[PDB]
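Undergrad:
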RNA sequence: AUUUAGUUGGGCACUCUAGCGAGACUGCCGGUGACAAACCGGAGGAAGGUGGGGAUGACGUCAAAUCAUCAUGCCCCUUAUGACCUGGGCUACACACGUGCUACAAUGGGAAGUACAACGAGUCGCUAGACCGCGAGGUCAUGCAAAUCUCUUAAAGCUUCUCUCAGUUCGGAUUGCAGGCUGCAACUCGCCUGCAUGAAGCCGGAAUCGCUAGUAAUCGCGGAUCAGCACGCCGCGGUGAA
Ligand SMILES: [Zn+2]
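Residue numbers (PDB author numbering), protein chains in the order written: chain n, 2 to 61; chain g, 2 to 155; chain i, 3 to 130; chain j, 4 to 102; chain s, 4 to 81; chain m, 2 to 113.
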């Protein structure tokens, strides 16, 4: 039962406190970045793909 | 540790008393670097000595270095697993370590109902032959040459 | 007018010293020796290079430093006297250097690693 | 003097080479250029784990560096204003213009 | 809450507004978990539904500061 | 008994004669002693009887109740006997948020 | 000079930011050492023998774990296991264990004043000033796309009396009341203030673990997922042992 919850959030919400977001290529409800609209692990992997603008590895 | 030796980081003297080992006595009660409470009430306790049976704090600090002084020390050096040690000749580094650890961790053991009268009576004891830290020097004299039954095959 | 310029960097606090010939004071944030500082304003801590150069002196200090506690930015005081004596006396510089007095501490806050609690404090290894 | 622009991007070299290009075009038609002001480069943080199901401790972090430039111009002319309203090249870098 | 406006659900209010000055009924099947009580509700007997099986309760005059779901829990605790 | 309402210790100062009592903590005692405006001086109570009986009447103003436990008993007599679920949860010692009793029983029952 | 302010006269002077550079690389010297590596000591130097720290984990070792990121062959259904709604719950407590926080006290408190940063976040998001509150806060209304302005003048110290040794000016557990704010709403199932009982705790037994220095031990600031919801997390700074 995964394809109901992909088309679920594209509706306008029933009330104001159900506006939760997730990833778009995948469907992780936990640990989505609101400034990205990507989930956790796809940011890491697509960052290793060399396609996300900006982001570099970190060492200091 | 395993590779070789290591430094010891000797302490600087006070800019008030001008004595190095007084700083070593400061830096064993002081918790979280709180010099404001603990070191100042140590100042207050040695001034209590100065006001009652005392003249100068440096001389009575040397008098405490007399009557607490660890003359010997043992260290458990097993060979085959058993309780094996010997009264070793103490370094004046480790002499000061043992003696001031006796004084400070007996000021822990004392626990009198004023936060510096425990220190005042602690250094009135450690400076004037009394208190159980001087009796810890007595008991250190005791086990010196009392574990010697297994310390003469060396 | 006569005034000096000596900078000093310890514990993330630059310290510009406007040293003027006086009697030996401080106006730290234009405040005196204990209008800003508690009793930990000790003699051999602050007034160390006066015992090797301009003995006993001293001259009055103007400075503006923030960063660190009372003992941190007081460590920036020695760099001010170091750069002041650097400005003033070339022949006492060797007596400064053999007594040290100019070796800047390169220490900052240590980098705190993930996977642990702190920079070095590993977690409680609760084996069993 | 009533002309000022901002230059904001990720890196440093493309920003300040384009800054030198537009400083060239500005002080060519007139004079009196101000400084190509380095801004202290606000930095981000992120913290992402490596695995999927377990193993929270295996961190793998990412950050962002955003250099910024401010350019003022003293004593302008209508020609440097025409240079700054019909030339915003390069297009890979974005600018923030005022007057 | 209640003093900055009573929080009573409107169409269930419209179910109980229809029988204000009428006879005290026995059963009104509802959901009864969100609306609080202000004292013009005295006398009824409305079927409180827990989530699995509804259990009714009658209404006295003392009920002034709570809801209907505070008496049929979701426990089945034994 | 003794000199001011109930629960009075003897030869203790004025904040103690309102602090120990079943019904008044400290800040109400602070405002009541601020209404009169007297000093403790220091820990002993050897002062005039007119002030002690005056502040006795000032305690007789307030709700220092010998049947305050009966008041809370009638409050919980209503509370446990409408239904009620918070009447059950009152004796559970658990608030209106849920308190997650997985080790939280040592307050009342002592589950050892 | 003016000042309540560094207003604008003043330029980047010191500082600061970021651009190119120089820089600590056995770079030089004395001795040990076969003249060999290397070692012990100097000189210069801010940094001496890879300055402190990060990114970067070979072959493989362990059927370690991931079909609950996604792809995915094989066996199963497709008037149901697919899909839509209302209430619930994953937060319950007869017990055991791992982790985090608070005191168990005369090194702790209360009244007073007085201090010291860095990393950031920020235009339906942070609140200037003033008003009214024991208070959660509310009210008039300003700024702020950021080196301007909002969180945002950090805490332990410093100097007085104090509880002057008690379940106690140690401490705050559960409970009645005044409330405050988010939401469509805070019994299930958010957080906080204040008023009122003042719980237990009166330094922990085997067995443990963190760690060789601005580090242990300790005190504050911000950020994430987020309308609301940190003793957790991720950093940053402050004091600083053996
Ligand atoms: Zn994704």
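All C-beta atoms, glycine included, are put in the ideal place defined by N, C-alpha and C.
Identify which residue in j/40, j/95, j/101 and j/39 has its Cα closest to the Cα of residue 87 of chain j.
TA: Closest option to residue 87 of chain j, Cα to Cα, is j/101.
Undergrad: Quick check: what's the CA-CA separation for residue 86 of chain m versus residue 74 of chain s?
TA: Whole-angstrom Cα-Cα distance: 6 angstroms.
Undergrad: Using a threshold of 7 angstroms, is the CB atom of residue 68 of chain j nearer than that to any non-hydrogen atom of ligand 1?
TA: Checking the Cβ of residue 68 of chain j against ligand 1 gives no.
Undergrad: Does the distance between the C-beta of residue 35 of chain n and the nearest non-hydrogen atom of ligand 1 fall short of 7 angstroms?
TA: Answer for residue 35 of chain n: no, Cβ out of range of ligand 1.
Undergrad: So what does DSSP say about residue 62 of chain s, is it helix, strand or coil?
TA: Residue 62 of chain s falls in the coil class under three-state DSSP.
Undergrad: Please confirm whether residue 36 of chain g has its beta-carbon closer than 8 angstroms to some beta-carbon of chain i.
TA: At least one chain i Cβ lies under 8 angstroms of residue 36 of chain g.
Undergrad: Below 7 angstroms, is the gap between the Cβ of residue 16 of chain j and the nearest heavy atom of ligand 1?
TA: Incorrect: residue 16 of chain j has no Cβ contact closer than 7 angstroms to ligand 1.
Undergrad: Kindly indicate the opening and closing residues of the alpha helix (DSSP H) around residue 18 of chain m.
TA: First-last of the alpha helix (DSSP H) with residue 18 of chain m: 17–20.
Undergrad: Does any CB atom of chain j fall closer than 8 angstroms to the CB of residue 33 of chain n?
TA: Residue 33 of chain n does not count as touching chain j.
Undergrad: Output, in chain order, the set of chain m residues within a Cβ distance shorter than 9 angstroms of residue 74 of chain s.
TA: Ordered by position in chain m, the residues that pass the 9 angstroms Cβ test against residue 74 of chain s are 83, 84, 85 and 86.
Undergrad: Use the C-beta contact count for residue 10 of chain i: other C-beta atoms within 10 angstroms, 16 or more gives buried, fewer gives exposed.
TA: By the neighbour-count rule (16 or more Cβ atoms within 10 Å), residue 10 of chain i is buried.
Undergrad: What does a CB cutoff of less than 8 angstroms around residue 12 of chain s pick up in its chain, not counting 5 residues either side in sequence?
TA: Cβ neighbours of residue 12 of chain s beyond the five flanking positions: 37 and 38.
Undergrad: Residues in the stretch 36–68 of chain s with C-beta within 7 angstroms of chain m's C-beta atoms, listed in sequence order?
TA: Those residues of the stretch 36–68 of chain s that come within reach of chain m (Cβ to Cβ, closer than 7 angstroms) are 65.
Undergrad: Mind listing the chain n neighbours of residue 55 of chain j? Cutoff is C-beta to C-beta under 7 angstroms, in chain order.
TA: What residue 55 of chain j touches in chain n: 42.
Undergrad: How should residue 20 of chain j be labelled, buried or exposed, when 16 other C-beta atoms within 10 angstroms of its C-beta is the threshold for buried?
TA: Burial call: exposed.
Undergrad: Can you say whether residue 67 of chain s is buried or exposed, counting buried as having 16 or more other CB atoms within 10 angstroms of its CB?
TA: Residue 67 of chain s is exposed by the Cβ-count criterion.
Undergrad: Provide the residue span of the alpha helix (DSSP H) that contains residue 107 of chain g, from first to last.
TA: Unbroken alpha helix (DSSP H) run through residue 107 of chain g: 93–111.
Undergrad: Buried or exposed: residue 44 of chain n, going by 16 or more other Cβ atoms within 10 Å of its Cβ?
TA: Classification of residue 44 of chain n: buried, given that the 10 Å Cβ count is 16 or more.
Undergrad: Taking 7 angstroms as the cut-off, does the CB of residue 53 of chain j come closer than this to any heavy atom belonging to ligand 1?
TA: Every heavy atom of ligand 1 is 7 angstroms or more from the Cβ of residue 53 of chain j, so no.
Undergrad: So is residue 47 of chain i in contact with chain g if we call contact Cβ pairs under 8 angstroms?
TA: By this cut-off, residue 47 of chain i is an interface position.
Undergrad: Which residues of chain n have a Cβ atom closer than 9 angstroms to the Cβ of residue 51 of chain j, listed in chain order?
TA: Within chain n, the residues near residue 51 of chain j are 32, 41, 42, 44, 45 and 48.
Undergrad: Quick check on residue 18 of chain j: buried or exposed, where buried means 16 or more other Cβ atoms within 10 Å of its Cβ?
TA: It is buried - the Cβ of residue 18 of chain j has at least 16 other Cβ atoms within 10 Å.
Undergrad: Can you grab the Cα-Cα spacing for the pair residue 95 of chain j / residue 60 of chain n, in whole Å?
TA: Roughly 27 angstroms between the two C-alpha positions.
Undergrad: Please confirm whether residue 65 of chain i and residue 106 of chain i have their CB atoms less than 8 angstroms apart.
TA: No, the Cβ-Cβ distance between residue 65 of chain i and residue 106 of chain i is not below 8 angstroms.
Undergrad: Please list the terminal residues of the continuous alpha helix (DSSP H) segment that includes residue 99 of chain i.
TA: Residues 95–100.
Undergrad: Please determine, among g/90, g/138 and g/117, the residue with the shortest C-alpha to C-alpha distance to residue 48 of chain g.
TA: Selected option, being the one with the closest Cα: g/117.
Undergrad: Please classify residue 44 of chain g as buried or exposed, where buried requires at least 16 neighbouring CB atoms within 10 angstroms.
TA: Its Cβ being crowded by 16 or more others within 10 Å, residue 44 of chain g is buried.
Undergrad: Do the stretch 51–62 of chain i and the stretch 124–132 of chain g make contact, defined as three or more Cβ pairs closer than 8 angstroms?
TA: In short, these stretches do not touch, since the Cβ pair count stays below three.
Undergrad: Could you say which of s/33, s/24 and s/29 lies nearest to residue 53 of chain s if we only look at CA atoms?
TA: It is s/33 whose Cα lies nearest to the Cα of residue 53 of chain s.
Undergrad: Any idea what DSSP makes of residue 19 of chain n, helix, strand or coil?
TA: It is helical.
Undergrad: Confirm the yes/no value for this check: CB of residue 45 of chain n, any heavy atom of ligand 1, distance under 7 angstroms.
TA: No; taking the cut-off as 7 angstroms, the Cβ of residue 45 of chain n has no heavy atom of ligand 1 nearer than that.
Undergrad: Sort m/109, m/56, m/42 and m/90 by Cα distance to residue 3 of chain m and report the nearest one.
TA: The candidate whose alpha carbon is nearest that of residue 3 of chain m is m/56.
Undergrad: Taking only heavy atoms of ligand 1 into account, decide whether any of them is closer than 7 angstroms to the Cβ of residue 109 of chain m.
TA: No - ligand 1 has no heavy atom lying nearer than 7 angstroms to the Cβ of residue 109 of chain m.
Undergrad: Using a 10 Å radius around the Cβ and a threshold of 16 neighbouring Cβ atoms, would you call residue 7 of chain g buried or exposed?
TA: Answer is exposed; the Cβ neighbour count stays below 16.
Undergrad: Decide if the stretch 58–68 of chain j is in contact with the stretch 34–41 of chain j; the criterion is three or more beta carbon pairs, one per stretch, under 8 angstroms apart.
TA: No contact exists between the stretch 58–68 of chain j and the stretch 34–41 of chain j.
Undergrad: Among j/4, j/6, j/14 and j/5, which residue has its Cα nearest to the Cα of residue 71 of chain j?
TA: Ranking j/4, j/6, j/14 and j/5 by Cα distance to residue 71 of chain j puts j/14 first.
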